[PDB]
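A.B. asks: There's a structure below that I have some questions on.
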Amino acid sequence: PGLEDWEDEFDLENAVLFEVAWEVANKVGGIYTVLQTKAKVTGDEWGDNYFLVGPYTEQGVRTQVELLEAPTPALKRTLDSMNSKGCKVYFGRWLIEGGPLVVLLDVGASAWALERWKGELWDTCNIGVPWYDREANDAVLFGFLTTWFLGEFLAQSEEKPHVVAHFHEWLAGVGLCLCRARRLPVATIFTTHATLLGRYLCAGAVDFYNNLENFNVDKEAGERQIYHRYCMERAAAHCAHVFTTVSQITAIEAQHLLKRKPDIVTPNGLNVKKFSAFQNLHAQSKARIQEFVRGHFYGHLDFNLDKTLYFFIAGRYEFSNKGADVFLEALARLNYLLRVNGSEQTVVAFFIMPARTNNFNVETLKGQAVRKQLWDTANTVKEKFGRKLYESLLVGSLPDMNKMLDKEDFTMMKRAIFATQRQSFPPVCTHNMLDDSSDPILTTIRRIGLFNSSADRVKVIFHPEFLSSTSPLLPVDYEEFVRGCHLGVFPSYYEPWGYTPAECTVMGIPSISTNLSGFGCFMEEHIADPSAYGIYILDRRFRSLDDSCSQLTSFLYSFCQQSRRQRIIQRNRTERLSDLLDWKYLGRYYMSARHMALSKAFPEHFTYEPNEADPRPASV
Amino acid sequence: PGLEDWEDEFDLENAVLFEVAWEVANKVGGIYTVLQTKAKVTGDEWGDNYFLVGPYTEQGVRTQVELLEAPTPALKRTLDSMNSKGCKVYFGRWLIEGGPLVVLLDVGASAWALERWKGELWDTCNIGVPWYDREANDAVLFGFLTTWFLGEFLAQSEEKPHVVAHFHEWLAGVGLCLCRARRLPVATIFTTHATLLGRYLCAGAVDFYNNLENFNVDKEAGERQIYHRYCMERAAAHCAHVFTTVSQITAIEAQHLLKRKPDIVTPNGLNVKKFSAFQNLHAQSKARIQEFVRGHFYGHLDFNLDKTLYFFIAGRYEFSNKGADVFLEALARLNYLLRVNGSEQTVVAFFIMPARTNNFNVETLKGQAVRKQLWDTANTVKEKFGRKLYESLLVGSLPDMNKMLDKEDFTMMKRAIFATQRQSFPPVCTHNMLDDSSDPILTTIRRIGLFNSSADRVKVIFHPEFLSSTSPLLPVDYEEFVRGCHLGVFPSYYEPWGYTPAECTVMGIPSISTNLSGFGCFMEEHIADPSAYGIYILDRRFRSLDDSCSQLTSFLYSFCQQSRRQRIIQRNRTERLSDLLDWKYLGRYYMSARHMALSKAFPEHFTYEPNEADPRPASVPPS
Amino acid sequence: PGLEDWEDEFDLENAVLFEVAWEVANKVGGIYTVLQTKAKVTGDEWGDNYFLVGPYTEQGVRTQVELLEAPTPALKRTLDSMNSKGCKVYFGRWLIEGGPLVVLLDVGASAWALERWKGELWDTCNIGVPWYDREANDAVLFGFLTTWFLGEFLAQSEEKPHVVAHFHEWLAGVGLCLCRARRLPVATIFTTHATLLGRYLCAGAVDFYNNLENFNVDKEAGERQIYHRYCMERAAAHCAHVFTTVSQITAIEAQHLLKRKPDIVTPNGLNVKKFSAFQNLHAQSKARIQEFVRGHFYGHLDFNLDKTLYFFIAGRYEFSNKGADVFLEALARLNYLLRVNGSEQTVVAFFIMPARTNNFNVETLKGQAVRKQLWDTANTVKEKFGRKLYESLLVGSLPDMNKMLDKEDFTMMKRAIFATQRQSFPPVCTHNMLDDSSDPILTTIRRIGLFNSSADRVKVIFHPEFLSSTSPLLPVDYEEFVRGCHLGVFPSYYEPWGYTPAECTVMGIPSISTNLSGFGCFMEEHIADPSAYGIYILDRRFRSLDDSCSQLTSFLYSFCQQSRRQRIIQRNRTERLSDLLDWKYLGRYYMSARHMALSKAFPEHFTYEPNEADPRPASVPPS
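Protein chains in written order, with the deposited numbering: chain A, 13 to 289, 293 to 629, 637 to 642; chain B, 13 to 289, 293 to 629, 637 to 645; chain C, 13 to 289, 293 to 629, 637 to 645.
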C-alpha cells in the first residue's frame, strides 16, 4: 500500500542526520521505545549518514552498545580532537533491530567547563540555571557537548555536507539554541513529546483545558520553581527551523503555552509485525481468564460464565490522569442498569495498576489451590471412568452407570466438595495494601458499593503487581492476558499519547479512549464512525465530569447489549486496523519535517512542496 | 509373593480393634501418615470392627471427616449416654483411602471433670500433673475419655466381644494405664515411635549412645522438668500386654530407658503404588537440574556437565541430628581428593533444609534470567537456520554456510553474550539469610573453604525453602527433583525411623544411611551386601566422629569412581527394593503383635505360636 | 434470531405425522442425509407423533435400528393385525441424533399379493408395471403396504386423529395415489428431489434448458422405456394436497415436465454445529497442502509458494453435469492471461473425482519419499546446529560459523541433494488410469496443453480416489483438505441441489456456483451482491458455452488479482454465512407445507394464513 517511497523523492545527496536525544542507549521513559522502533526506517531512508547522539552510561554501554572505530576520517579526527581537549566521547552500534551508529558523550567528565559554559549561555540568551537542580546542569553540559561535536564535525569535513539535527526534548534543546547562536550551517528540528507545564497544571490547578487562554505561563512557571526549565524549553521551541509535537491535543497545548503553533504533527508509531507474531489466541487467553475467575470466586459460582464479559484498564497508577474514577462510577451505574433490567450478563472488571504492596492475601491463594484440587480430582475420576467405559464397551455391553464410581472416587470427590466451603465474599484486591486506608481505588469501590456480592452484576478485581509469566497465580505476561479480554477502557484526561490504548488496539482488542488524548484524536481524525471499528471516543473535552460518566455508562451498556455475532464482526473490524499505527505509514511525517527543515535552512539547494495529503470509510 | 494371608490364620471371631492415637484426623507430625497408610490393610484384615479413637478438632472435621450415625445399637447407646452425661463425642468416617470409622472426643468440653480425674489418677498410680503443662492435661482428659468410652461400649454390648486396644504414644498411654487399673476385659498394646528422653539427651548431653547403661533416667527426667511425662510413658509401657517399638535402635534405647525390652519391633511402612505412579523420569529430572545449574553458574561454565554428579541431603534443619556437619567435612575431603588426582568429575551438592529467610537474592534470579535469554535466542536462531536450510536444500544446493546468519541474528547473539558477563563467583545460598552470622551450614562452608571457585571440584548449593512446583526458580516439587539426583546422603545420628531415606529408596535412588537410624538398621538386617543394592550403611555407632567422616569420604569417592555401566546396574538393583518397605509386608508384624495381645489377655479362647520367621543376597556373583 | 417458534403457532391438537420415504434406515443416495438431519427439528415440533415409514433391510436393522414394542395400543393392534394377515412389519428407534420412531415394512414377504395388487392399481388409475423392472414392483409393494398400514392405524384408533403423510419420491408416490383413491382421512404432501426425465434429457438430448417448453414429455418418457415410472411420478404429483420441490430451478423443471407448479419450495438444509465443531484450521491445512505440493513438484520448485493459490472441484465423476470441461477451459485461459501479464502468482488446481484406478504411480510416491528424506535431514542438521550454538553461546563466544557443520552432516545433505534430481515433469494424475485413452479429463488436459511445465502458471493435479485419512500420500480426510483451499469451483449444469458447494460454503470457503443449480439460485435469491460474500454465481442459463467459459475466466482472474487483505475480508464475510443453510431456518418451509396440507384436507378444524415472508446487504464495502 502506502510505503516510504511513495511521493517524497528528495535530493538527499551529501546530507547527515543527527538524532540528538537524552534517552538513546539509556532507558528512562517512553521515547526510548520510539527511537528504538524508528531507527529501522530512519536507517533505511538515510543509510550510514544517521547518528544518534546521547549521554554515556556504563550500564547501557555494557548491555546494548558495541564500541567500534570511527568509519570516516572526519569522525575519527573529531573524536580524537574532543578526547584530547578534555572530554570523553565513545562511538559504536546500538544493538537494536536497525543497528544505527551511536555517539555517546560523558557529561561527568566535563564538570570543569560547567562554570565557564554556564556563563557563556548567559552571554548568549540571558538564561541562568540554579546550582541545586542537578538535572538541568546535565542538560547544559549535554547541549554544549553536542554543539561542540557538530562544530568539530563540520570543521574536520573535507567537503562540507548539509547537516540536519533533530532534538527531542527540553533536555536536548540547549544544543539547538547554541547551534542557532553560533550560526552553524545546520537545519534544526525540535520535537516535544509533552509540554513541561501541562503535567504540573493538570494536577492541583483546576480546569486545565478550559483555561488554556487564561494561563499566564510566566507566573505558573516561576511559582513552581521550574522557571529555568520552562525558559529552556520555550527558547528551544522558538529558535528552531521546524517545530513538531506528537499529537493534536499537544499541538493546541504547545500553541497556547509555548506560543508557537507546530509546523507539523508527527504521531508515535510502533512495529506491528512483532505484535502480530486473532481468535485462537483470544480463545486460549479467555479460557485461562475463566479458570482464574473460577478459582477466585470459589464457593460463589452461581452466575453463567458463558455470558460474562471481561473489561480492563491498565497503566501507571494515576487515578485522575488515567481516568479510573470515571471508570468506577460508570461501572456502578452499569451495575445498577444490569440489575434493574433483569439481565443474565455479568461483567468482571480488572484494574492492573501498580501500587505499593508486599504479598498476596490468603483468600486468593486459597481459591487458586481449591480450583487446582477440583481440576485434578475431576481429571482423575474422568480418566478412570473413561478406561472403565472403554473396557465395558469392548465386550459389547452398555455401562452399568451405578457401578462406574467406587469408594476412593467418592472419597476424593467428598474431600473436594468439603474444600469449597466459604462464608465470606471474594476480595476486590488480590494483594495486601500497605496503605489500604489511603488507597483511592479501594476508597471509591467502598463508597460506590461493589463488594463482589451475589446480587452484584459487576465484579471488580484490583491486581497491583505487574503481570508476569512467573507469578504464582497469574502465570501469564501482559500481552497474552490482554488478548483474552473483551474491551479496554482508557478514559484518559491528560495523556499526550496513549501507548497502552495503542498497544491494545494493535492486538485487535476494542477500546475506549477520549478526545483529550493523542491516540484518541488520531483515531477520530483517521476513521469515519470509529465505533463501528471498535474504537469508542469519549467526548471529555466539551463535557463535564458527570456527562462524561453518563456517556461512558452508555458506551458500556451498548457494548453489553450486542449479540455474539455483532461482537465478532466488531472485533474483526478492529483487527483490520493495525497498519494505521505502523512506522511504515507514521514515518512519513518525520520525512516531511526533515524536508521542511532542509528547505528552510538551505533554500538554495533544496525546495519543499507542502504536500500534506497524509482512509477508513464505513457506515456513517 | 508374601501377602497378608500367608500363615497367620487366626480365629478373630467377635473381636473389636480400637486404634487409639492422639493424631487421627489431626495432622501434627509423622505418625499421622503411618496411621493413614496403615488403615487400608488394617480394615482389610478386620472389616468393620476397626475404630480409630482421637481428639476432636474443628479444622480436621470440616476438612477430612464425614459425620455419620452409629452403625450398631451398642455404639449408638454409648454415644448417647456419653453425650448426655456431660461430654461431646462425634462419630464419622475418615476420608482416606481405607475409609475407617472414627470416634472423636472433645477434650475441651470436659474441663469440669479434670479436677476430679486428676485426683483419681493419683488414687490409682501416684502420678501428678503440674497445672502449667497445658499438653499433659489434654493427655489425661483424652485417656479418661477413652477409658470411659471403652467401658461404656463393653457395658452396652448384648454379647461381649474381645476388645483389642492399641495406644501409640505417651499422649495416649493414660487410657491404657486406666484400662489395666479398672481390670476391663481388653487386650492392650503400646507402641513407642520415639522415647521421650532420647531427643532431650542427644542435644546437650554428650555421648548418648555410649552411655546408655550409665544414665540414671530418674535424674535426667526430673532435672528437665518433664518428670510427669516420663512417668506417664514408663507407666504406659510397663502395664501393657504387648510392648512395641518402630525400630531396633529404638528397641535398645527403650530397653535401657523404659526398662522393658519390646516384645516385637514393628517398622513403619508406606504405600509404594502411589510412588510408582524410573529411567525416563530420571532423565527428564536430570535435564532440568542441568538447566538449573547452567543458570546458576552462568559465566563460569568451564566444567563438563556430562561428568557432573548430583548429591543431596533433605529433611528438617537439625544440623547434628541429620548429620549435615559430617556431610560437609566429607565433601571438603572429597574435593581435596578429586583435585589432587586430576579428575574430570564434578560434584554439585544440594542442601534442602528449611531456614528463616525472606526472598531470593539478586544473583540467582539474574542467572535464571540469563539462561532463559540464551535459550530463547538460541531457539530463535536455530529455527531461522532450519527454515533457511530446508529452503536451500529443496532446490538441490548445498547451504552457503557464510550467509545463513544475518544482521538481527548477530544482534541477538551479541546482546546475549553481553548478558553472560560476570566477575564474581556463584553464591552457595539461593536466598537471603536473616541470621547469616549464626547459620551453622554457612559457617562450616566458610570454615572448610567451599566458595564455588573455578578450581573447586565440589560445588555447594543451599536452598532453604521447601521445593514447590510454583517457585519462580525451581518450578518442581520435591519428588520429581529427587528422582533426578544421583545419590542421597543422610548420615543421621538420632533418628528413630528415617522417612526421607525410605522415601528416597522407594523412588529408586541410591542412598547413604547409618546404623544409628531405624531405616539403616532395617536395611542392614534385611539385605546381604547392601552396597551392591545402592544402600551404604555408615558405621556411626562403633566409631568416632573423625572415623565416620573418613568412612563417608571413602563411600563418596568409591561412588565417584564407578563407571556409567556400574552406576546403571547399581540403580537397577536399588529399583527392585521397594516391596521391602510396603505395608503388604510390614503389616504382618502388627498382626503378630495383636495376636500376642489377644493370646495374653484371653488365653482360654486364643493361643499364639511364636512364629518369628518374618531373598536379597547379591544377583550375579562376581566374587 | 429466527427460530422455529417465531410466527407459526398452529393448533396441532391430536395430529400424527408419517414421513414416508424409501430411504430411511437404508443408505442409498442423498436424501438419507436430508431425513437424518431433519429428524431432530421435526421431532422437536411434533414430539412422539412422528413416524418414519420405510423398507426393511437386514443390514440397516442390525446397524442402526433398535427394535422395540409399540408404545400405543392402536399401533400394537395394527402391527399384530398386519403381521397375522400375511405381512412382516417391524418397529423401533432410528439410532440418529433425533431418535425417531421407525416402521419398517418387508416388501419381500408380500410377493404373493403382487399379482393381486398390480391388478387393483389398474382398476384404479390405469397404470401398469412391466414384470422385468424389478425396482418399480418394490415401489408398488411399498405403496400398498403403506396404505394398508395407514388404513389399519386409522381403523384401530379409539379417537381418530388428523394424519399427515409426506411422500418423498416416485418410489413412494403409489402410497399417496392409493391414499387419495380410497378417500382416507389423510393430508398428503409430495416432495420431488429431482424430476425423473431431467437427468435422462440432460445427457444425449441437446439444449435441455432452452427447450423446456418444446418437450413432449409423453414421447421422451415412452421412447426411453420408463413410461410407467414417469406415469407413477406424475400421478403422485397430480393427486397431492401439497406439492413441493427442493429448489427453484427444479420448480420450473417440474412445472414444465410434471405440469404442476409447486405450492412451495423447501430447500435442503444441514446441521452446521457439527461442521463448526476459521483461520487456524485454514493455516494448518494450507501448510499440509504446501508440503504435498513440495513433495509432488520436487526438482521443479522454481516458483514462489507464498504466492500460490489452491483451487479445487469435487463430486461425482460427471464431466458435463459437474462442469469440469468449463473449469478446464477457464484454467487454460487464466494460464494464458497469467503468463502474458508477467505475474508472480501460481495456481494449483485439484480435481478430486473418483475414477476406475488400481494404485498410485511411481513418481508420486517417489516425490513424497524425497520430501520426507529432505525434511528429516534438515531437522537432524538443525537440531545438531542448535545444540552446538547453545553450547558455544553459554561460554560467551560468537559461533564460528565455518565449523558448525562436519563430515556426516555434509554426507546427509549430499545424499539428499542427489535424491532431489529429476529430468521429467510432474504428472497431472496421481494414480494409474485403467482407461487413460478414454478419460475425458486427461484428454482435455492434453488438448489444452497443461503438462505442469516450468513456464506454466497453472498446475493441475487429478486425484481420483476419495480423500481418506489413511491414504499413504494424502493422510487427511476431505473436510480438512478442503479447509485449506482458497476457492471451490462448481460450475454445475444439471444439479437440483448442490451438496458439495453447500458443504464448502458452510466451512467458510469462497465458492463459484451457477444459476442452473439449486444452491446457486438459493444464494442468489437470499444475498444482495453475493460476490462480496465470496459466492460467485455464473450466468449459465442465459449464456452459451463460450460465454460461460469467458465469464468463469473473468471470475478466476478477478479472484487472483485481489490483495491479501481483500481475500481475508471476503473469507470473513463468507464465514458469517453458515446460518442461512441450517435446518433451524430451512425447517420452517416444511412447517408451512404441513400447515397447508392440514388446512386443505381438513378445512373445518384448521385454517392457514398465506404468510410467505420466509436479507444480507453488504457490510461496509463502500459503493
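Even for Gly, the Cβ is constructed at its ideal location relative to N, Cα and C.
Can you tell which of C:221, C:190, C:183, C:176 has the C-alpha that lies nearest to the C-alpha of residue 200 of chain C?
C.D. replies: Taking the third sequence and counting its residues from 1, one reaches residue 200 of chain C at position 188. The residue with the shortest Cα to Cα distance from residue 200 of chain C is C:176.
A.B. asks: Comparing the C-beta of residue 107 of chain A with each C-beta of chain B, is any distance below 7 angstroms?
C.D. replies: The sequence position of residue 107 of chain A within the first sequence is 95, counting from 1. Interface residue, yes.
A.B. asks: Identify the residues that DSSP records as bridge partners of residue 503 of chain A: which are they?
C.D. replies: In the first sequence, counting from the first residue as 1, residue 503 of chain A sits at position 488. Residue 503 of chain A pairs with A:327, A:526.
A.B. asks: Do the CB positions of residue 552 of chain A and residue 638 of chain A come within less than 7 angstroms of each other?
C.D. replies: Position 537 of the first sequence holds residue 552 of chain A. Position 616 of the first sequence holds residue 638 of chain A. Cβ distance not < 7 angstroms, so residue 552 of chain A and residue 638 of chain A don't count as in contact.
A.B. asks: Nearest CA to the CA of residue 622 of chain C: which residue from C:21, C:17, C:14, C:138?
C.D. replies: As a first step, residue 622 of chain C is located in the third sequence; it is residue number 607 there, counting from the start. Comparing Cα-Cα distances from residue 622 of chain C to each of C:21, C:17, C:14, C:138, the minimum goes to C:21.
A.B. asks: Restricting to Cα atoms, I'd like to know which of A:523, A:425, A:78 is closest to residue 289 of chain A.
C.D. replies: On the first sequence, residue 289 of chain A is found 277 positions in, with the first residue counted as 1. Out of A:523, A:425, A:78, A:523 has the C-alpha closest to the C-alpha of residue 289 of chain A.
A.B. asks: Sort A:24, A:127, A:43 by Cα distance to residue 32 of chain A and report the nearest one.
C.D. replies: Here residue 32 of chain A is taken as the residue at index 20 of the first sequence, counted from 1. Looking at the Cα atoms, A:43 is the closest of the given residues.
A.B. asks: Mind listing the chain D neighbours of residue 304 of chain C? Cutoff is C-beta to C-beta under 7 angstroms, in chain order.
C.D. replies: In the structure shown, chain D cannot be found, because the protein chains are A, B and C.
A.B. asks: Round the Cβ separation of residue 634 of chain C and residue 233 of chain C to the nearest angstrom and send it over; I've been treating them as touching at under 8 angstroms.
C.D. replies: Between 629 and 637, chain C has no modelled residues, which means residue 634 of chain C does not appear in the coordinates.
A.B. asks: Give the residues from the segment 492-523 of chain A that approach chain C closer than 8 angstroms (Cβ to any Cβ), ordered along the chain.
C.D. replies: Residues passing the 8 angstroms Cβ filter: none.
A.B. asks: State the DSSP-derived secondary structure class of residue 105 of chain A, mapped to helix, strand or coil.
C.D. replies: Looking up residue 105 of chain A in the first sequence gives position 93. Strand at residue 105 of chain A.
A.B. asks: I'd like to know whether the C-beta atoms of residue 446 of chain A and residue 496 of chain A end up nearer to each other than 7 angstroms.
C.D. replies: Indexing the first sequence from 1 puts residue 446 of chain A at position 431. Indexing the first sequence from 1 puts residue 496 of chain A at position 481. No; because the gap between Cβ atoms is not below 7 angstroms, this pair is not in contact.
A.B. asks: I want to know whether the segment 355-364 of chain C touches the segment 437-444 of chain C - three or more CB-CB distances under 8 angstroms.
C.D. replies: Contact between the segment 355-364 of chain C and the segment 437-444 of chain C is absent, because fewer than three Cβ pairs lie under 8 angstroms.
A.B. asks: Give every residue of the same chain whose Cβ lies closer than 8 angstroms to the Cβ of residue 295 of chain A, excluding the five residues on either side of it in the sequence, and list them in chain order.
C.D. replies: As a working mapping, residue 295 of chain A is identified with position 280 in the first sequence. No residues qualify anywhere along the chain.
A.B. asks: If you drop the 5 nearest sequence neighbours on each side, which residues of the same chain put their C-beta closer than 8 angstroms to that of residue 435 of chain C?
C.D. replies: As a first step, residue 435 of chain C is located in the third sequence; it is residue number 420 there, counting from the start. So the list reads 313, 314, 385, 389, once near-sequence residues are dropped.
A.B. asks: What ranges does the beta strand (DSSP E) occupy inside the segment 17-82 of chain B, keeping only unbroken runs of at least 3 residues that lie completely in it?
C.D. replies: Listed in chain order, the complete beta strand (DSSP E) runs (minimum 3 residues) inside the segment 17-82 of chain B are 27-32, 62-67, 77-79.
A.B. asks: According to DSSP, is residue 297 of chain A part of a helix, a strand, or is it coil?
C.D. replies: Counted from its first residue, the first sequence places residue 297 of chain A at position 282. In this structure, residue 297 of chain A counts as helix in the three-state DSSP scheme.
A.B. asks: Nearest to residue 285 of chain C by CA position, among C:597, C:640, C:529, is which residue?
C.D. replies: By one-based count along the third sequence, residue 285 of chain C stands at place 273. Among C:597, C:640, C:529, the Cα nearest to that of residue 285 of chain C is on C:597.
A.B. asks: Could you check whether the Cβ of residue 640 of chain A sits closer than 7 angstroms to any Cβ belonging to chain C?
C.D. replies: Sequence index remark: in the first sequence, residue 640 of chain A carries index 618 (1-based). It does; some Cβ of chain C falls within 7 angstroms.
A.B. asks: Using the Cα positions of residue 47 of chain C and residue 36 of chain C, report the straight-line distance between them to the nearest angstrom.
C.D. replies: Position 35 of the third sequence, counting from 1, holds the residue named residue 47 of chain C. Position 24 of the third sequence, counting from 1, holds the residue named residue 36 of chain C. If you take the alpha carbons of residue 47 of chain C and residue 36 of chain C, they lie about 7 angstroms apart.
A.B. asks: When burial is assigned at 16 or more other CB atoms within 10 Å of the CB, is residue 111 of chain C buried or exposed?
C.D. replies: Position 99 of the third sequence, counted from the first residue, corresponds to residue 111 of chain C. Exposed.
A.B. asks: Determine the direct distance from the alpha carbon of residue 603 of chain B to that of residue 178 of chain B, and round the result to whole angstroms.
C.D. replies: Residue 178 of chain B sits at position 166 when you count from the first residue of the second sequence. Residue 603 of chain B sits at position 588 when you count from the first residue of the second sequence. Cα-Cα distance, rounded: 15 angstroms.
A.B. asks: Assign residue 311 of chain B to one of two classes, buried (16 or more other C-beta atoms within 10 Å of its C-beta) or exposed (fewer than that).
C.D. replies: Looking up residue 311 of chain B in the second sequence gives position 296. By the 10 Å Cβ count, residue 311 of chain B comes out buried.
A.B. asks: Please confirm if the segment 154-166 of chain A is in contact with the segment 186-198 of chain A, defined as three or more CB-CB distances below 8 angstroms between the two stretches.
C.D. replies: Output reads yes: the segment 186-198 of chain A touches the segment 154-166 of chain A.
A.B. asks: Within 8 angstroms, do at least three Cβ pairs link the segment 167-175 of chain C to the segment 211-228 of chain C?
C.D. replies: No, they do not touch.
A.B. asks: Inspect the CB distances between the segment 326-336 of chain B and the segment 400-414 of chain B and report whether three or more fall short of 8 angstroms.
C.D. replies: At 8 angstroms Cβ cutoff, the stretches do not touch.
A.B. asks: The alpha helix (DSSP H) with residue 284 of chain A in it runs from where to where?
C.D. replies: Indexing the first sequence from 1 puts residue 284 of chain A at position 272. It spans 284-287 - the alpha helix (DSSP H) in which residue 284 of chain A sits, taken as one unbroken run.
A.B. asks: Determine which residues of the segment 195-213 of chain B have a Cβ less than 8 angstroms from any Cβ of chain C, and write them out in chain order.
C.D. replies: Residues: none.
A.B. asks: What residues from the segment 558-581 of chain C come within 9 angstroms of chain A, judged by C-beta to C-beta, listed N to C?
C.D. replies: The residues in question are 578, 580.
A.B. asks: Express the C-alpha separation of residue 109 of chain C and residue 532 of chain C in angstroms, rounding to a whole number.
C.D. replies: Here residue 532 of chain C is taken as the residue at index 517 of the third sequence, counted from 1. Here residue 109 of chain C is taken as the residue at index 97 of the third sequence, counted from 1. Cα to Cα, residue 532 of chain C sits roughly 29 angstroms from residue 109 of chain C.
A.B. asks: At the level of alpha carbons, what is the spacing between residue 180 of chain C and residue 203 of chain C?
C.D. replies: Here residue 180 of chain C corresponds to residue number 168 of the third sequence, with the count starting at 1. Here residue 203 of chain C corresponds to residue number 191 of the third sequence, with the count starting at 1. Computed Cα separation, rounded: 5 angstroms.
A.B. asks: Using C-beta distances below 8 angstroms, list every residue in its chain close to residue 545 of chain A, excluding the 5 sequence neighbours before and after it, in chain order.
C.D. replies: Here residue 545 of chain A is taken as the residue at index 530 of the first sequence, counted from 1. Excluding sequence neighbours, residue 545 of chain A sits near 538, 539, 551, 552.
A.B. asks: Among A:509, A:346, A:49, A:148, which residue has its Cα nearest to the Cα of residue 462 of chain A?
C.D. replies: Taking the first sequence and counting its residues from 1, the one referred to as residue 462 of chain A is at position 447. Looking at the Cα atoms, A:346 is the closest of the given residues.
A.B. asks: What residue range does the beta strand (DSSP E) around residue 385 of chain B cover?
C.D. replies: Residue numbering aside, residue 385 of chain B sits at position 370 when the second sequence is read from its first letter. Note, residue 385 of chain B: premise wrong, no beta strand (DSSP E); alpha helix (DSSP H) at 377-409.
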